[PDB]
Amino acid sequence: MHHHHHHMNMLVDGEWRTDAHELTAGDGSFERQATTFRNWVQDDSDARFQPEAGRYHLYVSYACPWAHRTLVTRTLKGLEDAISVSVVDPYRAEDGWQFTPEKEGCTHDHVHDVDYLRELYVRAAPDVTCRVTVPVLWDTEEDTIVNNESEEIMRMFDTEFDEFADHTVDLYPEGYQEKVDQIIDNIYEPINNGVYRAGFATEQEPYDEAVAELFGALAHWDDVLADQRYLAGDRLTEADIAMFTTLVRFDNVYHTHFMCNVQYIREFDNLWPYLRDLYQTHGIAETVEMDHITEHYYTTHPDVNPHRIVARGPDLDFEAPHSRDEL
């Protein structure tokens, strides 16, 4: 959420720029100058955005682990019929996230048929100063951006659309919520944001800390997952979805491209069968587009990988059997 690639652009007072130097001195200063979108869809008769069956639209990239969080939840809940989705081009440049429908896995902007994602922001907030990112939950009635945060879109997908979900799945169950909210908050900095902090690191000391904290955090949850099947233990929750979207991209991208190369995830005793256990959860596998993932990270970051060569990566057997059902 907080770390962005060296050539990432911006919208300033409703204007697309390649860089705004007056807002880019010091660690992530632009984001403290940025506006985000934090409205909620609430199952409440008084609420502004009430959950309907054919109203809200979702914008994602298959490569983004933050957007991927919304996709995994949408599939688990069975909200595809209820909530439509557009897939942006995994490759992006001077114009940010773009729509390339002819490209495999990508579609067109189902709402306004825009060329770029930045057009959608401008329509929703003509004077906005922010980053054009995914995911974006869009309301077709008010014609604007409802929410812009992976964590909260996942949550409201989980707890607010029960009337239209096809599956009786509860990824935020009673008695687990406090711990689920705890795990999500913990793994957020050393693991979710940690890999990008290490990858876009410009000095040695920040990289060292980002790597040390990361694999330290991974080792902790590896010991925790030795005696309990999931992060919150007995049940599959949002906490697992947050962890999964990072882990699934670690050995093909983060390890090499972002130089987080202390250890493979597949070398961990418990995290690797855990990742296989999640990947094989019915429906999740179809939300994983590795071709989108590898193409984005290896060819969209010029200052990290100049010649834009897509690395091959390990031959990962995600479909390899586990034994964590014995927990």
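One rule holds for the numbers: they count along the sequence shown, beginning at 1.
When the C-alpha B-factors of 273-281 and 60-68 are averaged, 273-281 comes out higher. Look at the C-alpha B-factors of 22-30 and of 50-58. On average they run higher in 22-30. Within the listed group 146, 236, 106, 120, the record reports its top CA B-factor for 236. Residues shown: 178, 251, 152, 139. Highest C-alpha temperature factor in the entry: 178.
Residue 163 sits in the highest third of its chain by CA B factor, as recorded in the PDB entry. Placement of the Cα temperature factor of residue 41 within the chain: highest third of the modelled residues, per the deposited record.
Ranked against the other modelled residues of its chain, the C-alpha B-factor of residue 92 as given in the entry falls in the middle third. Residue 301: CA B factor lies in the highest third for its chain, per the PDB record. Among the modelled residues of its chain, residue 226 has a C-alpha B-factor that falls in the highest third, as given in the PDB entry.
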